[PDB]
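Residue-level listing of the chains:
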Amino acid sequence: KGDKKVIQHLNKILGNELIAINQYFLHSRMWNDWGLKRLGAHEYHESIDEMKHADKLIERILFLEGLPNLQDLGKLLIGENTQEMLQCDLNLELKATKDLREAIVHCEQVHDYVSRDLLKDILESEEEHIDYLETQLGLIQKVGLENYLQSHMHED
Amino acid sequence: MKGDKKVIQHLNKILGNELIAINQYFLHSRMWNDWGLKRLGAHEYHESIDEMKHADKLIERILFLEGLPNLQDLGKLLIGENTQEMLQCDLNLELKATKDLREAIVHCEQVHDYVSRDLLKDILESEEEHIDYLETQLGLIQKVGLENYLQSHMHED
Amino acid sequence: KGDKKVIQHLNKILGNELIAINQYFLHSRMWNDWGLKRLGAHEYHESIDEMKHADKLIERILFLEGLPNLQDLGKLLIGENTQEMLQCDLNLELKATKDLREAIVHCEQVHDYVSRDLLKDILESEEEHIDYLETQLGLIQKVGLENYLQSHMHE
Amino acid sequence: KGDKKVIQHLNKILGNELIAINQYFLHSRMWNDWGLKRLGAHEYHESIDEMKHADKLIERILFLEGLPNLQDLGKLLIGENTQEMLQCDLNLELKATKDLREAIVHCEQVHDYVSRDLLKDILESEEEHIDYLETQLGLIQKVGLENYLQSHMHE
Amino acid sequence: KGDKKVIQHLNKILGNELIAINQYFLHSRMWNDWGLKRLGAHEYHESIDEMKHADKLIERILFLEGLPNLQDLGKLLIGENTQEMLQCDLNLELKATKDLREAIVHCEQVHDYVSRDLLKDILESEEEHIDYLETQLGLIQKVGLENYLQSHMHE
Amino acid sequence: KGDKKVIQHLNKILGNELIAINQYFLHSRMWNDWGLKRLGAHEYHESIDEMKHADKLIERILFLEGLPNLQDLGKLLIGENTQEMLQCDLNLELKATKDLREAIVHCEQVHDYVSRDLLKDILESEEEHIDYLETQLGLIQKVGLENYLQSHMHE
Amino acid sequence: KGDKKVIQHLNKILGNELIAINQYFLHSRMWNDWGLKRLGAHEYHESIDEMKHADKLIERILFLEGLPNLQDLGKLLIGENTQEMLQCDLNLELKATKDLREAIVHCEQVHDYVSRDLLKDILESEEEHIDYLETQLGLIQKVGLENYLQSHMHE
Ligand code: HEM
Ligand code: HEM
Ligand code: HEM
Ligand SMILES: [K+]
Ligand SMILES: [K+]
């Protein structure tokens, strides 16, 4: 019933969300470990958001009578300090966003407009995340790394 | 520096088992929902959430002990194709998890990591509760027949 | 001081309650084990009711100056499946109820009208239990074993 | 699923709990009969606690695929006055505690860590009871028997 | 029209209530006089309860078309210290309870089941009071009279 | 009666807690003096936590019929600046935690599973304390000492 | 900077409070162990009060640029029964109170009127403590030791 390449696209986006869930979750727990609790909580909330996207992808694939793939897990990008963690998340999101545009082009072409609408809602969320990530990296330049980390020791 | 290395390897192994379980239970949940078996869908969803909570505690402990949590390696999901197989797959998964937990606890005891032991014991209790639930559902399928069992799980509450 | 045979009757009724406590408590936990939670909860309340009747019997025996006998525990009738368990409970209650009638006769004869009244209240409760049991057995015939068990999975 | 000697240990601890349930329940009603209502209420809660321990044991045994034994009831130690009743409870709890330790040794050996944990929680609660018991007997010595009883007349 | 001998029995139980009202009332105010206020309050409440039994007997006699007798007051057993006051109440209750069993035999025999039920409720109450009285006498022995009285100074 | 070596081990853990109580309290008060109020409040909570541990140890020793030793006070590790204070706290907890492991091995050996459980709960809280301390020292490196102290001026 | 001798005196009072904290805490816990819960609770409150005094002394020393001494712990006076425990507490407070007077004279002399005021507040609370202690010892004589202990069993 679903278009076969729409389902391949939905699984591919799903594969991206599955990487992100784990990467964000680890980076969150690394920040907590280091006592940078505000970064930790924020990253924890990014990880939950990716879990909610994966749910919606999984529900759609199953309705389209595809088989969701949660077995393949691509490469986690894990940073070694706060700057690299944030850059690692940004590299993940730039790739996820590219795959999202490509999935949407194809849904349009086979008139799977509901799948298209779902991917656009994810894409808007991923662009907000890009903005958060770029912004954090800019603040590191503007206030200095030590100040930036200080401002993230204590939770909101 | 602080953690025993084999404790860490044990913890990453349990964590690996939790990560399979998260994905397996989450897909079985959504498969059950897709079929309109909503009470099963919701119960399996809560099993998946509980495994996510246990992964979180293991990750925090690994990191305290100065090890590196492994979330990169995902072992084999046991995906069933109908209700009876999905339950059995979950049970086969738990029986392996539970064996692994016992071996870890043995080792924690040996090297005096009594806090890690205690965490693993709480997870074990919780996995043994799951085994009870799983075995009970399979026994009920026998006692009330599959059609009734499935009917009793169409609606939530 | 109570009539000595009244006390022996009170101790016999208590002996029956003590069997029922343990038999119903085990049947309750067997049903919970099997995922038949409504049967398990009902059977648990029947066990608690037998505990309360044992308590009244103990209090009365002590007031009458007798020795409550909590030591001798008779035979538990344990079933291996739902129909057997309900039938065992019924067999137990049919025996308890005969003992209650015999005891009441004796309290009447020696003018122990308070013990009689106490035993009549337990008898009413036991007859309502017989009714519940006979009814479950009937429902099993009417709706079929698998339906009947299905109806007792969720609390 | 269960290890067979784990199950025998669980049934033995269960057996000890069945004795304590009855012994404390009777001691409770005996204190009440005498108008020592505060000892009565205390002992009633000790009995209820042992009922909850038995429940947890039954459920564990059934999950491990054993047969809970509620049929065998060992010897109740019943005292004839307050000093002896407290000593009988203490002697019962010293033996309980010893069996709980041997059972935990065995769970540990065959890696039944959940059964071990359950028995350790029971043990903590039996050691609290030993403390209450030892303490009442020391109070009998410190304040005198008549005072001690007087302090236990009113709830 | 009631049975004649039913009515005679009801008026007899009523005379026992009228003695008891006045004896418990006086014992209460003697206790209050001495500053044993807990005994005084408890005894007040026993007196009020006898008043309520008397009222039920009066109503029933009048419904059966008899004449209630409140003129013939029997012998009050008034003690001169706590121990005697309590034994007096208990001597009065043993008699009351015996007259009660007789009335009930007679009601059974002429089929006055409602009068019988009324007398049985009173008998249960009178047996509770026997329990209280025997308990108190027991306590004086176990805790010593001085302690027993001290425990009844404050309400 | 407890095992003699368990009481020595409990007394040794107690000894460690008595040192920590005083060392944490003084560091707390030194932080408040310098106007580093958040550090002062955190450290006061740590000192309070050790006071609670000490209390449980004391209750347990006495139950076991031992004599709690509150007389021997070991050596306080008092730093003179924030970095040294934190490291002295960590040096203390490293020793405390080693001693707790050795106690727990002995308790397991002689089957004192309640003592073991108590010590394990204290160990888990001491380990959480080590985490806090290692984390703050690391934050000093990541944010710089001046920013780290500034972040602990206000509560 | 405070006067050097005032800091020595504050450190000496502090020293007394550290002894009292531990001595009162242990007596508290010994009373709870024996089931004299009211004495145990009162004594715990006394130990807490000394902890608050110690805190104020510590804050004041540091303000005055001195070094609080929490390392030297003088000699605990631990009794072995209730009467001795009370007298050991009074023996402690008699010394503490003498030392506080000598401190206050010195503070007055060098014009440290805030220190003096702090010490006077501690002296008033130590004097209230002496009153409590002398009162309990007198009550032991007036009511007898058995009644006195009985009056302190329940909180
Ligand atoms: C590293 C693997 C994962 C970890 C460590 C993890 C952890 C967590 C935690 C701690 C929570 C909050 C649980 C609570 O306390 O209520 C949560 C929620 C949730 N998770 Fe995961 N999770 C993981 C993977 C997944 C995956 C693969 C999915 C795929 C569907 C998923 C779906 C969800 C959903 C839907 C929620 C509820 C979110 C909400 O609405 O609040 N999670 N997870
Ligand atoms: C196999 C032996 C027994 C078991 C397993 C058992 C189990 C239980 C349980 C689980 C409860 C509820 C307690 C709570 O959580 O609050 C209870 C209550 C109680 N039991 Fe038992 N019980 C047993 C025997 C007895 C016996 C022999 C007596 C005799 C008097 C008794 C008298 C009572 C009473 C009066 C209550 C409170 C009932 C109420 O709610 O009014 N029990 N029991
Ligand atoms: C220099 C030594 C000590 C200092 C400065 C100190 C100070 C304090 C303070 C200020 C409090 C809070 C009191 C309140 O606000 O009501 C407290 C509470 C407490 N202290 Fe200590 N104390 C000391 C020694 C001890 C010791 C040796 C013990 C051993 C048992 C102890 C046991 C406790 C307990 C159980 C509490 C109540 C904690 C709670 O809230 O649960 N104290 N202490
Ligand atoms: K700054
Ligand atoms: K007295």
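Rules of the game
Residues numbered from 1 in each chain as written, not as in the entry; some residues may be left out. Chains lettered and ligands numbered in written order. Part of a larger assembly, values for the part shown. Heavy atoms only, no water. Residues with missing side-chain atoms left out of burial classes, pairs and counts. Near = heavy atom within 4 Å. Helix = DSSP H or I, 4+ residues; strand = E, 2+ residues; numbered from the N terminus. Nonpolar A, V, L, I, M, F, W, Y, C, P; charged D, E, K, R; others polar. Donors = N, O, S within 2.8 Å, 3.2 Å for Na, K, Ca; no water. Tetrahedral: all angles 85-135°; square planar, octahedral: opposite > 155°, others 65-115°. Buried < 20%, exposed > 50% of the residue type's maximum accessible area, 1.4 Å probe, protein only. Contact = heavy atoms within 4.5 Å. Salt bridge = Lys/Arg side-chain N within 4 Å of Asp/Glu carboxyl O. Polar contact = N/O pair within 3.5 Å; in protein donor to acceptor, adjacent residues only side chain to side chain. Least-squares fit on C-alpha atoms. UniProt positions renumbered as here; feature names shortened; annotations may be inferred. Patch = residues over 30% accessible without salt bridge, like charges linked within 9 Å, V, L, I, M, F, W, Y side chains within 5 Å. Areas by Shrake-Rupley, 256 points an atom, 1.4 Å probe, with all protein chains shown as cover. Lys, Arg positive; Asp, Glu negative; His and termini not counted. Charge placed at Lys NZ, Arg CZ, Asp CG, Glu CD.

A. Fine view of the site of ligand 1. Taken together, 17 residues form the shell around ligand 1, and within it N22, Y44 and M51 of chain A together with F26 and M52 of chain B come nearest. Of all the elements in the fold, those that place two or more residues in the shell around ligand 1 are α1 (4–34) and α2 (37–63) of chain A together with α1 (5–35) and α2 (38–64) of chain B. Looking at the shell around ligand 1 residue by residue, the class counts come to 13 nonpolar, two polar and two charged.

B. View of the coordination of the potassium ion (ligand 5). Around the potassium ion (ligand 5), the protein supplies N147 of chain D (OD1), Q150 of chain D (OE1), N147 of chain E (OD1), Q150 of chain E (OE1), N147 of chain G (OD1) and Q150 of chain G (OE1) as donor atoms, at distances of 2.8 to 3.2 Å. Relative to the metal, the six donor atoms surrounding the potassium ion (ligand 5) lie at angles of 71 to 145°, and the coordination shape comes out irregular. Of the two residues, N147 of chain D sits in helix α5 (residues 145–150) while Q150 of chain E sits in helix α5 (residues 145–150), which places them in two different chains. Residue classification places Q150 of chain E among the partly exposed residues on the basis of a relative accessible area of 42%.

C. Structural view of the interface of chain F and chain B. Taken together, the contact pairs 12 residues of chain F with 11 residues of chain B. The interface formed by chain F and chain B includes four salt bridges. When the shortest N-O distance is used, the salt bridge between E134 of chain F and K2 of chain B registers 2.9 Å. At the surface where chain F touches chain B, the tally comes to five residue pairs in polar contact. Of all the secondary structure elements, the ones that give two or more residues to the side of chain F that touches chain B are α3 (82–109) and α4 (113–143) of chain F.

D. View of the pattern of salt bridges. Under the definition given, this model contains 80 salt bridges over all chains. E127 of chain G is the partner of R101 of chain G in a salt bridge, and the nearest nitrogen-oxygen pair spans 2.6 Å. Of this pair, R101 of chain G sits in helix α3 (residues 82–109) while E127 of chain G is found in helix α4 (residues 113–143), placing the two residues 26 residues apart along the sequence. Using a relative accessible area of 37% as the deciding quantity, one classes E127 of chain G as partly exposed. Residues participating in the shared-partner salt-bridge network are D118, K121 and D122 of chain B, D117, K120 and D121 of chain D together with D117, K120 and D121 of chain F.

E. Structural context of the relation of the copies chain F and chain G. The two copies are related by a screw operation: chain F maps onto chain G through 180° of rotation and 0.0 Å of translation along the axis, at an RMSD of 0.0 Å. Within this description, the copies of the chain are treated as partners about a two-fold rotation axis. When C-alpha positions in chain F are compared against the rotation axis, the closest is assigned to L73 of chain F, at 3.4 Å. When the interface residues of chain F are mapped onto chain G, 100% of them again fall at the interface, so both copies present the same face.

F. Summary view of the UniProt feature "binding site: heme b" in chain A. Residues and elements named next belong to chain A. If you check UniProt for "binding site: heme b", the listed places come out as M51 in our numbering. Looking at the element boundaries, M51 is found in helix α2. When its relative accessible area of 23% is taken as the criterion, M51 is described as partly exposed. Look past the residues within four positions of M51 in its chain and what remains in contact with it is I21 and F25.

G. Expanded view of a negative patch on the surface. Residues and elements named next belong to chain A. On the surface, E124, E128, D131 and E134 cluster together to form a negatively charged patch. Looking at where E134 falls in the secondary structure, it is placed in helix α4 (residues 113–143). A residue is classified by how much of its surface remains accessible, and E134, at 45% relative accessible area, is partly exposed.

H. Structural view of the coordination of the potassium ion (ligand 4). Coordination of the potassium ion (ligand 4) by the protein involves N147 of chain A (OD1), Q150 of chain A (OE1), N147 of chain F (OD1) and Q150 of chain F (OE1), with metal-donor separations of 2.9 to 3.0 Å. One end of the pair, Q150 of chain A, is in helix α5 (residues 145–150); the other, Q150 of chain F, is in helix α5 (residues 145–150), on a second chain. A relative accessible area of 12% places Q150 of chain A in the buried class.

I. Structural view of the UniProt feature "binding site: K(+)" in chain C. Sequence positions flagged by UniProt for "binding site: K(+)" are, in local numbering, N147 and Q150 of chain C. A polar side-chain atom of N147 of chain C sits 3.2 Å from a polar atom in the side chain of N148 of chain B. If we ignore the near neighbours within four places in the chain, the residues touching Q150 of chain C are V144, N148, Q151 and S152 of chain B. Side chain to side chain, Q150 of chain C and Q151 of chain B meet in a polar contact 2.8 Å long.

J. View of the interface of chain F and chain G. With 18 residues of chain F at the interface, the matching set in chain G holds 18 residues. Run the count over chain F and chain G and you get four salt bridges. Between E59 of chain F and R29 of chain G there is a salt bridge, with its nearest N and O atoms 3.8 Å apart. Between the two partners, chain F and chain G, sit eight residue pairs in polar contact. When contributions to the side of chain F that touches chain G are tallied by element, the ones reaching two or more residues are α1 (4–33) and α2 (37–63) of chain F. Of the residues assigned to the side of chain F that touches chain G, the class counts are 10 nonpolar, three polar and five charged.

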